[PDB]
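In what follows, a single structure is set out as structure tokens and then discussed.
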Amino acid sequence: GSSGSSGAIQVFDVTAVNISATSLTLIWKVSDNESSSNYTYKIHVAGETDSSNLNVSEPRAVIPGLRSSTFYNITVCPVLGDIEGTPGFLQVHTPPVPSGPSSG
């Protein structure tokens, strides 16, 4: 057929299976299952006060100790050992916490 774009590791189908107030499970689909070995995902969370990050070997990654009612920007970058693909971006919106702090 042709040769140009086809042939590259890119994280697509990035969606949140579960979005809690202080936690959220992330999921994505990789265009490689046969040689899905030595696959690593570099997560980079960016909040408002501070940012976080975590590396996993699975297409999923939950973010503990999260904040409710706050925008978050997660970037899942695939890494098959010594390779670098395209970072998967997915906007998430944590639900409003039914609990509010009472000062005084």
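Chains: A, B, ... in order of the structure tokens. Residues: from 1 per chain. Ligands: from 1, in order shown.
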
Please list as a PDB file with C-alpha atoms, in the first residue's frame every residue within 8 Å of residue 76 of chain A, counting only C-alpha atoms and excluding residues in the same chain fewer than 3 positions away.
```pdb
ATOM      1  CA  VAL A  11      -1.410   5.808  22.863  1.00  0.00           C
ATOM      2  CA  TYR A  41       3.997   4.495  30.601  1.00  0.00           C
ATOM      3  CA  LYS A  42       5.207   7.780  32.090  1.00  0.00           C
ATOM      4  CA  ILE A  43       2.279   9.551  33.750  1.00  0.00           C
ATOM      5  CA  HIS A  44       2.565  13.292  34.377  1.00  0.00           C
ATOM      6  CA  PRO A  87       1.900  11.197  24.621  1.00  0.00           C
ATOM      7  CA  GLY A  88      -1.801  10.577  25.162  1.00  0.00           C
ATOM      8  CA  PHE A  89      -3.650  13.553  26.623  1.00  0.00           C
TER       9      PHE A  89
END
```

With only C-alpha atoms as the counted atoms, please give the residues lying no more than 10 Å from residue 82 of chain A, apart from itself and same-chain residues fewer than 5 positions off, as a ChimeraX atom specification. /A:38-40

With C-alpha atoms retained, could you export that selection as a short mmCIF file (atom, residue, chain, number, x, y, z; two decimals), in the first residue's frame?
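Okay, this is what ended up in selection-v2.cif:
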```cif
data_model
loop_
_atom_site.label_atom_id
_atom_site.label_comp_id
_atom_site.auth_asym_id
_atom_site.auth_seq_id
_atom_site.Cartn_x
_atom_site.Cartn_y
_atom_site.Cartn_z
CA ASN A 38 9.08 -3.89 28.12
CA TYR A 39 6.25 -1.38 27.68
CA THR A 40 6.34 1.54 30.12
#
```

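Here atom CA of residue 83 of chain A stands at a distance of 24.5 Å from atom CA of residue 63 of chain A.
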
Contacts of segment 90-103 of chain A within 9 Å, only C-alpha atoms, excl. fewer than 5 positions in-chain, as a compact mmCIF listing (two decimals) with N, CA and C atoms, in the first residue's frame:
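And here is the file that came out, around.txt:
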```
# COMPACT_ATOMS: atom_id res chain seq x y z
N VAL A 14 -7.62 6.87 25.08
CA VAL A 14 -7.38 7.21 26.48
C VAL A 14 -8.66 7.70 27.15
N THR A 15 -9.15 6.92 28.11
CA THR A 15 -10.37 7.27 28.83
C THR A 15 -10.27 6.87 30.29
N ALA A 16 -11.12 7.47 31.12
CA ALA A 16 -11.13 7.18 32.55
C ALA A 16 -12.25 6.20 32.90
N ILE A 19 -13.73 7.75 37.91
CA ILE A 19 -13.26 9.04 38.40
C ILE A 19 -13.87 9.37 39.76
N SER A 20 -13.09 9.15 40.82
CA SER A 20 -13.55 9.42 42.17
C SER A 20 -13.12 10.81 42.62
N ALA A 21 -13.40 11.13 43.88
CA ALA A 21 -13.04 12.43 44.44
C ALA A 21 -11.56 12.48 44.81
N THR A 22 -11.06 11.38 45.37
CA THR A 22 -9.67 11.30 45.77
C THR A 22 -8.95 10.15 45.06
N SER A 23 -9.43 9.81 43.87
CA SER A 23 -8.84 8.73 43.09
C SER A 23 -9.48 8.66 41.70
N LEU A 24 -8.73 8.11 40.75
CA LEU A 24 -9.22 7.98 39.38
C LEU A 24 -8.37 6.99 38.59
N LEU A 66 -6.34 12.34 45.23
CA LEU A 66 -6.72 13.33 44.23
C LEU A 66 -7.60 14.41 44.85
N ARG A 67 -7.90 15.45 44.08
CA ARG A 67 -8.73 16.55 44.55
C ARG A 67 -10.06 16.58 43.81
N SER A 68 -11.12 16.97 44.52
CA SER A 68 -12.45 17.04 43.93
C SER A 68 -12.75 18.45 43.43
N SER A 69 -13.47 18.54 42.32
CA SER A 69 -13.82 19.83 41.73
C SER A 69 -12.57 20.59 41.30
N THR A 70 -11.71 19.92 40.55
CA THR A 70 -10.47 20.53 40.08
C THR A 70 -10.03 19.92 38.75
N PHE A 71 -9.60 20.78 37.83
CA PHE A 71 -9.16 20.32 36.51
C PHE A 71 -7.80 19.64 36.61
N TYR A 72 -7.62 18.57 35.84
CA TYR A 72 -6.37 17.83 35.84
C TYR A 72 -5.93 17.49 34.42
N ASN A 73 -4.62 17.50 34.19
CA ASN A 73 -4.08 17.20 32.87
C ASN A 73 -3.07 16.05 32.95
N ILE A 74 -3.51 14.87 32.53
CA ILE A 74 -2.64 13.69 32.56
C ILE A 74 -2.04 13.43 31.18
N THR A 75 -0.76 13.06 31.17
CA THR A 75 -0.06 12.78 29.92
C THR A 75 0.62 11.42 29.96
N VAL A 76 0.01 10.44 29.29
CA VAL A 76 0.56 9.09 29.26
C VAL A 76 1.47 8.89 28.04
```

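Across the structure, atom CA of residue 84 of chain A and atom CA of residue 32 of chain A are spaced 13.6 Å apart.
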
So the first atom is atom CA of residue 29 of chain A and the second is atom CA of residue 48 of chain A; what is the distance between them in Å, to one decimal place? 27.8 Å

Would you give me, as an MDAnalysis selection string, the residues in chain A that DSSP reads as strand (DSSP E)? chainID A and resid 11:19 24:30 40:46 51:56 60:62 71:79 88:93

Can you spit out the residues from that selection as a JSON list (two decimals), in the first residue's frame, using C-alpha atoms?
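The file below, result04.json, is the result:
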```json
[["chain", "number", "residue", "atom", "x", "y", "z"],
["A", 11, "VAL", "CA", -1.41, 5.81, 22.86],
["A", 12, "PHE", "CA", -5.01, 6.13, 21.69],
["A", 13, "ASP", "CA", -8.44, 5.52, 23.24],
["A", 14, "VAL", "CA", -7.38, 7.21, 26.48],
["A", 15, "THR", "CA", -10.37, 7.27, 28.83],
["A", 16, "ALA", "CA", -11.13, 7.18, 32.55],
["A", 17, "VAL", "CA", -12.83, 3.96, 33.67],
["A", 18, "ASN", "CA", -13.51, 5.48, 37.09],
["A", 19, "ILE", "CA", -13.26, 9.04, 38.40],
["A", 24, "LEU", "CA", -9.22, 7.98, 39.38],
["A", 25, "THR", "CA", -8.33, 5.00, 37.18],
["A", 26, "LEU", "CA", -6.87, 5.83, 33.76],
["A", 27, "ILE", "CA", -6.97, 3.52, 30.75],
["A", 28, "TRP", "CA", -5.80, 3.56, 27.13],
["A", 29, "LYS", "CA", -5.39, 1.35, 24.06],
["A", 30, "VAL", "CA", -1.95, 0.68, 22.58],
["A", 40, "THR", "CA", 6.34, 1.54, 30.12],
["A", 41, "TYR", "CA", 4.00, 4.50, 30.60],
["A", 42, "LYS", "CA", 5.21, 7.78, 32.09],
["A", 43, "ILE", "CA", 2.28, 9.55, 33.75],
["A", 44, "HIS", "CA", 2.56, 13.29, 34.38],
["A", 45, "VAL", "CA", -0.21, 14.83, 36.48],
["A", 46, "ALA", "CA", -0.50, 18.62, 36.65],
["A", 51, "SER", "CA", 2.11, 18.36, 39.99],
["A", 52, "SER", "CA", 2.62, 14.59, 40.20],
["A", 53, "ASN", "CA", 3.86, 11.67, 38.09],
["A", 54, "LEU", "CA", 4.02, 7.87, 38.03],
["A", 55, "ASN", "CA", 5.46, 5.17, 35.78],
["A", 56, "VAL", "CA", 3.69, 1.86, 35.16],
["A", 60, "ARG", "CA", -3.82, 1.53, 33.27],
["A", 61, "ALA", "CA", -2.78, 3.82, 36.13],
["A", 62, "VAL", "CA", -4.83, 5.10, 39.07],
["A", 71, "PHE", "CA", -9.16, 20.32, 36.51],
["A", 72, "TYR", "CA", -6.37, 17.83, 35.84],
["A", 73, "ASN", "CA", -4.08, 17.20, 32.87],
["A", 74, "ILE", "CA", -2.64, 13.69, 32.56],
["A", 75, "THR", "CA", -0.06, 12.78, 29.92],
["A", 76, "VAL", "CA", 0.56, 9.09, 29.26],
["A", 77, "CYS", "CA", 3.74, 8.69, 27.21],
["A", 78, "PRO", "CA", 4.48, 5.17, 25.90],
["A", 79, "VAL", "CA", 7.99, 3.75, 26.19],
["A", 88, "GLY", "CA", -1.80, 10.58, 25.16],
["A", 89, "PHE", "CA", -3.65, 13.55, 26.62],
["A", 90, "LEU", "CA", -7.01, 13.25, 28.38],
["A", 91, "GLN", "CA", -8.91, 15.98, 30.22],
["A", 92, "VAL", "CA", -10.53, 14.78, 33.44],
["A", 93, "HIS", "CA", -12.97, 16.50, 35.80]]
```
